[PDB]
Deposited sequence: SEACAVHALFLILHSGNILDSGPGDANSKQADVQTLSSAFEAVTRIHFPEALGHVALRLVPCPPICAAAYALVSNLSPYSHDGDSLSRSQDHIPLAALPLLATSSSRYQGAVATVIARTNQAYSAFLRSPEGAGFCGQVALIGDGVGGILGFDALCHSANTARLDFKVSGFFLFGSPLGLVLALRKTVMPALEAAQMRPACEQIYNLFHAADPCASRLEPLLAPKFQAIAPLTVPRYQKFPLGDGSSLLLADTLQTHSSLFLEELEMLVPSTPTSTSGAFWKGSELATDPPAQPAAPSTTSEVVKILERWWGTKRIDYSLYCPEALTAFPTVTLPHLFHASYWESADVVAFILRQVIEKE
C-alpha cells in the first residue's frame, strides 16, 4: 500500500555556501541516479524507494565570514585574487559547532525532519507506508543529523541507517573530546562516506577504538566492476578477526552498528592538488550523481 524505504536528506549545502530549490535539484539528481541504477541492477526494488528534502541551515556561514575577515587579503575586493588564498576549511566546523546558536540549529533540524516526515505520510505516495527510514546528510548536514540523533527523549520516528557524505564530523567530535576529555547515535548503523582527497574527510572509527588508526577504511567498490558488491564483508566482527592482534568483545558494544563505519570512495589522486577554494563544490555535488554511492546504499537497503 506504499513505498518501502524513506530517505530524509539533510541538506545544509556546500560548506563554503554563505537556494532551497537548488537543494531539490540535488535531491532530484540523487533520486534520478537511484532509479537509473535501480532499473539496471536492482529491479526487485524499482519504484520502491523515496527521497525527501530536509533543508538544513548553513551553520558554517558565519565562521566563513569571520575567517575571511581575518585573512591578510581581507581588504582586497577581487574574487579572482582571493581564489588563491588559503581557506582554513578545518576551522569552520569547529567555529560553527562551538557557536551558542548551534543547539538552536540542531533543534531546528529536528523540527524540519519531523515536518518532512509528517508531510510524506500525509502524501498520496506515502499513504500506508510501513518501511524503514534512513537519514542522509551532506558534509555539514551530517553533523546536525548526528547531534540530532544523540539528543534525549525529539525525532518522531526511529531511524534505521545514517549516511554521511564527506562530512568533517570526526573533527567536530575530536574537538569535543578535547574540551571534555572524560567521555550513541539513535540509529542501527552509521556510514561515514568520504573521498580521501576531500579536505573535509574525517574517519570516525579511531574515535571509538584508537587501534583502528592502524586499520584501513573499507573500500567502496566501483560501480562498473562490482555493482552488487565484491563479495567482501562489511561486518565489524570479520574485520576484528582479520586483525586478531587486538578485549575484542570490548569493542562490539560501543560500536555504532554491526558494520564498519569508515568507507573510502574512489577518487583520482589529482584532486589533492586542486586549489582549496574549488574543492568543496566538486565534492559536495559529486555525491548526488555518484553511482558508487547509490549502489552502496541500495546494497544496504535490500538486506
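Enquirer: Need the unmodelled segments of the deposited chain, numbered from 1, in order.
Expert: The deposited sequence has unmodelled segments at 1-3, 22-24, 160-162, 193-197, 261-301, 359-360.
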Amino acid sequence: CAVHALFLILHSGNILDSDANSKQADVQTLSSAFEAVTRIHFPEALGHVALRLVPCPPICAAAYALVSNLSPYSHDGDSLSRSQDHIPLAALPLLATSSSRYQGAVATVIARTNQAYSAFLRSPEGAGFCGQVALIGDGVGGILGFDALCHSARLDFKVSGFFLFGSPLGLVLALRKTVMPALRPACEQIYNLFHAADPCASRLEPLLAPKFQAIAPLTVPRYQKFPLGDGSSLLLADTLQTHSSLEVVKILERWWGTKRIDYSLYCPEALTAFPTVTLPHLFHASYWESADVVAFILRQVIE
From here on, numbers count along this sequence of modelled residues.
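Enquirer: Regarding 138-146 and 76-84, which shows the higher C-alpha temperature factor on average in the entry?
Expert: That would be 76-84.
Enquirer: As stated in the PDB record, which stretch has the larger average Cα B-factor, 27-35 or 45-53?
Expert: So the stretch with the higher mean C-alpha B-factor is 45-53.
Enquirer: Go through 94, 111, 173, 89 one by one and give the residue whose Cα B-factor in the PDB entry is largest.
Expert: Spelled out: the listed residue with the top C-alpha B-factor is 111.
Enquirer: Among 211, 154, 203, 222, where is the Cα B factor highest in this entry?
Expert: Of the candidates given, the C-alpha B-factor peaks at 154.
Enquirer: Pull the Cα B-factor of residue 162 out of the PDB entry and bin it into the chain's lowest, middle or highest third.
Expert: Its C-alpha B-factor, which the entry lists for residue 162, ranks in the middle third among residues of this chain.
Enquirer: According to the PDB entry, is the CA B factor of residue 21 in the bottom, middle or top third of its chain, that is, lowest, middle or highest?
Expert: Top third by C-alpha B-factor.
Enquirer: Among all modelled residues of this chain, ranked by Cα B factor, put residue 99 in the bottom, middle or top third, i.e. lowest, middle or highest.
Expert: It belongs to the middle third of the chain when residues are ordered by C-alpha B-factor.
Enquirer: Split the chain's modelled residues into thirds by Cα B-factor; is residue 261 in the lowest, middle or highest one?
Expert: For residue 261, the deposited C-alpha B-factor lands in the lowest third.
Enquirer: Name the third of the chain's ranked CA B-factors that contains residue 226, choosing lowest, middle or highest.
Expert: It belongs to the middle third of the chain when residues are ordered by C-alpha B-factor.
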